[PDB]
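# Examining the three-dimensional arrangement
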Amino acid sequence: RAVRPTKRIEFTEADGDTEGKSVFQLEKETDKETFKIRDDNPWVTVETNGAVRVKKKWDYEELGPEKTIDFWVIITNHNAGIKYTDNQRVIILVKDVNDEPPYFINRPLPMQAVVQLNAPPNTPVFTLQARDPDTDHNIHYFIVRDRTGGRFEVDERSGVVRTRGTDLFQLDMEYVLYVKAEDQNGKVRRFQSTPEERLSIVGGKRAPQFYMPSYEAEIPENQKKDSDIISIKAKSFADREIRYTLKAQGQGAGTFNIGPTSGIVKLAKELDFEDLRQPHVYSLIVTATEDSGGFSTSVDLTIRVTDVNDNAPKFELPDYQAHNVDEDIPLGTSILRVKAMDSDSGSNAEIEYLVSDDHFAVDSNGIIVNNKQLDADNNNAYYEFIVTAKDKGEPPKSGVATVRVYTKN
Ligand SMILES: [Ca+2]
Ligand SMILES: [Ca+2]
Ligand SMILES: [Ca+2]
Ligand SMILES: [Ca+2]
Ligand SMILES: [Ca+2]
Ligand SMILES: [Ca+2]
């Protein structure tokens, strides 16, 4: 059994573009020998005949600096005379292909700017910025569709949008441009491209814009007061300072509040998933107002509260007692029924039953049964033991109750 010289081979990304594709064949030294990969590899699998097949679609952008798929292969070989189990290393060099589309990095989205009312021609107003994962990208900027009527133009390389013409812009009017960025070093004979984006240019002045079109957060019911839930941030287009406020529709306001200037949302009142009067989903409205101006804008903020196993199963009675039980009762007789309830939900409310005295047994329905003869070793004619109701929470909480069984002959 020997190490064989390393196999070196070269391919482009695209060659490995189809899951399961047999890209190439490993070299055999006799017909009879078979192949198996030495360890998992994310990019390739190996058939017993030597075929190297794509596992995960090959990706230059996701390989390390070496840009190789590097793996070992076991080669095995009765009736052939000489037996062995060989090792060979296999190194595929992966060449780049322009295969990933460009994407805008402008934030926030949608894209928004303002234009000064009497802006001279060629005033810069916005700067489109795209990025492209491929090594040899070639980003070109375009206005694909104009709804200003021709009052703007973009520089194809810098992505700067600037005014055209001398006419004034109208206060509060929106001027709309649909823009794209494309990578001209890659195609599909059609160039790789961002989705069309809507660039909103408003004359003179506009309301603030939040950094996200909406906000959401899922928090547990047991999370402490005054703790930070989510922080919200808006931008002014005239560099005014901003102050936030919050509302509800129409379930439980006062539960949350917001930081005056810093936008951080905190928990104000302790929560309870078990409290019906509080909802499980909190629909909130956050408005960012310019108190140095007048303008303001709203954004939805949704908070989901989750169940924690804060409740233990409770038995309906504090203790259970059965009387006049004949001791000769055949095994399997219902002696008494027991029941316990749990406030939580799902499996935090799922209930299993146990019994501390192996003379009895109990099923998922709480039926306490006779598990051994009751007439043997029972001088005082009486059993006293504990039932547990145990939930399926993590960790599980328990409820317990005394059970008394008085027997007789
Ligand atoms: Ca790729
Ligand atoms: Ca590529
Ligand atoms: Ca590209
Ligand atoms: Ca609770
Ligand atoms: Ca529980
Ligand atoms: Ca709970």
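Residues numbered from 1 in each chain as written, not as in the entry; some residues may be left out. Chains lettered and ligands numbered in written order. Heavy atoms only, no water. Residues with missing side-chain atoms left out of burial classes, pairs and counts.

Under the PDB entry, the name given to the protein chain is Neural-cadherin, and the organism recorded is Drosophila melanogaster.

## As for the sheet that holds strand β35 (residues 398–408)
In space, the 4 strands of this open sheet follow the order β28-β35-β34-β31, with mixed pairing throughout. Either end of the sheet is taken by a strand with one partner, and the two such strands are β28 (319–326) and β31 (351–355). Strand-to-strand twist across the sheet, computed as the mean angle between neighbouring axes with direction ignored, equals 25°. The pairing of β31 with strand β34 (residues 382–391) spans 5 bridges and is classified as antiparallel. Directly across from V355, in β34, lies its bridge partner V387. (Pairing = 2+ DSSP bridges. Helix = DSSP H or I, 4+ residues; strand = E, 2+ residues; numbered from the N terminus. Axes fitted to C-alpha atoms, helices over the stretch in contact; angles between N-to-C directions.)

## A short note on the coordination of the calcium ion (ligand 6)
Taken together, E221 (OE), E274 (OE), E274 (OE), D307 (OD), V308 (O), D310 (OD) and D344 (OD) make up the protein donors of the calcium ion (ligand 6), found 2.2 to 2.6 Å from the metal. The sequence pattern formed by the donor residues of the calcium ion (ligand 6) is E-x52-E-x32-D-V-x1-D-x33-D. A separation of 4.2 Å is found between the calcium ion (ligand 6) and the calcium ion (ligand 4), both of which receive a donor from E221. One end of the pair, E221, is in the loop between β19 (215–220) and β20 (228–231); the other, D307, is in the loop between β26 (296–306) and β27 (314–315), with 86 residues separating them in the sequence. (Donors = N, O, S within 2.8 Å, 3.2 Å for Na, K, Ca; no water.)

## A short note on unusual backbone geometry
Most peptide bonds take the trans configuration, and most residues that are not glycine carry a negative phi. In this structure, the amide linkage connecting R107 to the following residue, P108, adopts the cis form with an omega of -5°. Looking at the element boundaries, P108 is found in the loop between β8 (103–104) and β9 (112–115). Phi is positive for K67, close to 65°, though the residue is something other than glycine. Inspection of the secondary structure puts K67 in the loop between β5 (51–54) and β6 (68–76). Taking the relative accessible area as the measure of exposure, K67 reaches 17% and is therefore buried. (Buried < 20%, exposed > 50% of the residue type's maximum accessible area, 1.4 Å probe, protein only.)

## Quick notes on the sheet that holds strand β10 (residues 124–127)
In space, the 3 strands of this open sheet follow the order β10-β14-β13, with antiparallel pairing throughout. Whereas interior strands pair on both sides, the edge strands pair on one side only; in this sheet they are β10 and β13 (152–154). Pairs of neighbouring strands in the sheet enclose a mean axial angle of 25°, with direction left out of account. Two strands pair when backbone bridges link them, and β10 and strand β14 (residues 160–163) are joined in this way by 3 bridges, in the antiparallel orientation. Of the residues in β14, the one forming a bridge with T127 is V160.

## Considerations on the coordination of the calcium ion (ligand 5)
At the metal site, the calcium ion (ligand 5) is ligated by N309 (OD1), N311 (O), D342 (OD), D342 (OD), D344 (OD), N348 (O) and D391 (OD), and these contacts range over 2.3 to 2.7 Å. In primary sequence terms, the donor set of the calcium ion (ligand 5) follows N-x1-N-x30-D-x1-D-x3-N-x42-D. Residue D342 shares its accessibility class with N348, and that shared class is buried.

## Things to note about the side chain of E33
Here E33 lies in the loop between β2 (22–25) and β3 (34–37). A relative accessible area of 1% means that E33 is categorised as buried. A polar atom in the side chain of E33 sits 2.8 Å from the side chain of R4. Here the side chain of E33 touches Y84 through a polar contact of 2.7 Å, side chain to side chain. (Polar contact = N/O pair within 3.5 Å; in protein donor to acceptor, adjacent residues only side chain to side chain.)

## Section: the pattern of salt bridges
Taken as a whole and judged by the stated rule, the model has 17 salt bridges. Among the salt bridges present, the one from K56 reaches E62, with a minimum N-O distance of 3.4 Å. Judged by relative accessible area, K56 falls into the partly exposed class, the value being 46%. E62 sits in the partly exposed class, given a relative accessible area of 49%. One salt-bridge network, held together by shared partners, links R4, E33 and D86. (Salt bridge = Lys/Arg side-chain N within 4 Å of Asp/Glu carboxyl O.)

## As for the environment of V23
Along the chain, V23 turns up in strand β2. Residue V23 is classed as buried on the basis of its relative accessible area of 14%. Distance from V23 to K56, taken between C-alpha atoms, is 13 Å for residues 33 residues apart in sequence. Discounting residues that sit within four places of it in the chain, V23 has contacts with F11, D15, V52, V54 and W58. (Contact = heavy atoms within 4.5 Å.)

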